[PDB]
Structures are given as structure tokens and as C-alpha cells.
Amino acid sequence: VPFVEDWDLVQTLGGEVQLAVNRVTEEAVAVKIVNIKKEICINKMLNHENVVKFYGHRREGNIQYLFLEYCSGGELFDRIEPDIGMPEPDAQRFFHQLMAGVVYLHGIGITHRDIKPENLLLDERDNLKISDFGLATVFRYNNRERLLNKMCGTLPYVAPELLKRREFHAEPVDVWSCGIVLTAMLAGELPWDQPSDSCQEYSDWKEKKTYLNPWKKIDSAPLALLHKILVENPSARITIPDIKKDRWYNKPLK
């Protein structure tokens, strides 16, 4: 069938990410036009309903193209109302979908390392999809865990061990950033610039001053979950199997 391989670039989404529409079928795809070898290699391993789908890649000279699932709903970031957040049932549904995606990644030994609402996209049915695997890495290979040491991520979402320890386990770092994303969804604000003792807001949290912002905006049930996720010691931090047993996580909301 002729021309079914031709795509028209119609608008810039985010190198650069463009919305491309198929000339014949009118199918919409996101095209990333450019570290890159690893991003493609990790994308080739991924297949999950809460992970932005990878269709393929092509290299036309010095320029590299990545064919990815187009998420028409845009970023979760744009669903968060500044200093308000969003309705608790929407935040719970997005958090369930985020946990499904992260469980999947950790199960195949991949850590995202940059979970934040700008990197969590929404499809036409508002289904959450983890995007941008540019900082992702393999932390488990041949059933052997590898401790990480590289400084990767975005400071307001990074776990405190990344700033304090030479080596650290990958999975609690992604759990922590999911807790900051949950905080942002329920309060429309980030709790601190970074999780350091020098940061007053971080010290206040460790001193359990939940009568302050953003915590005072969050109901006691999701706040009890945040108390288990945003634990400084990563060995004491709640694991995803235990997040799935949490009271607020399992609370029917409408």
C-alpha cells in the first residue's frame, strides 16, 4: 500500500518531540528527534499499558528518530492546579496507574530515575503513562542487583540518600519520587527545594510539623501513606508491595 510510511510533522510537543500524523491512516505518533543508544535499548525492552509505547527508531545521518505513542491528554503536570492540586479520587487513580507502571519497570530491572509530573503523560482516556526514559538504567541483571552511584533526576523529587550516600538501592529512589508526585497532586505544591537538613521545609517534615503547607492541605488517610513513603532512611521506607496494602491506597473514592 503506497504512502502508508509517510508522516506529517504537525506540532512541537516538547532534542525535540513532535506530533506526527500518518498521511494515509491519520494515526498520531510522537517523534523524538535528536545517552540516545541506551534510551533506545531501554525502550526496546518495554511493553506495558502504563508506559509510553515504543514503536521503533531510525537514524537518518547524524539525526536520530524515535517513534513513540502519542498521549493526547498531555502532562500530568498540567492537571495539577497550583497551590490546590486536584480531586483526591483523580489523584488516587493516577497514583494506582503510576504504581502499576513502576512495579512493571522494577520487575524487569529498570529504574526510571526522573519520575515527576512533567514525565507522566495522559492518553485520550486519561490513562497515566510513564515517559522519557533518557535517564533510565538497568539496576538488576541476571538476578543480581547493582547499587547506583550516579546523580540523576530533579532535585525537588530526588531521595535524600542520593545527596548523602556514595551508593544506594535504585527502587527506594523511584518510590520517593512517586511520593513527591502524590504530594504535588494533593496539594499543588512541592514540599522542598531538595531533601537536605539545610532545607527548613525538609527539617520541618522530619520534625512532623504537618500543620504547615503542603501537609495541612492533605487528608489524614493519604498523609499517613506519605509518612511511610517520605522516610529518610531508604531501608525503612515503604516498598511498593506494602504501598498496595495501604489503607488510603485501597479506600473506595468517588
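Residue positions are given as counts along the sequence shown, with the first one as 1.
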Unresolved deposited residues lying between neighbours residue 46 and residue 47: none
What size is the break between residue 14 and residue 15 in terms of deposited sequence residues left without coordinates: none, 1 to 3, 4 to 9, or 10 or more? 4 to 9
Looking only at C-alpha temperature factors in the entry, 144-152 or 101-109, the higher average sits in 144-152
Out of 36-44 and 58-66, which stretch has the higher average CA B-factor listed in the record? 58-66
Among the candidates 219, 193, 189, 207, give the one with the maximum CA B-factor reported in the record. 207
Options 224, 51, 229, 31 - largest CA temperature factor per the record: 31
Tell me, lowest, middle or highest third: where does the Cα B factor of residue 239 rank within its chain? lowest
Where the record places residue 129 (Cα B-factor, split into thirds across the chain): middle
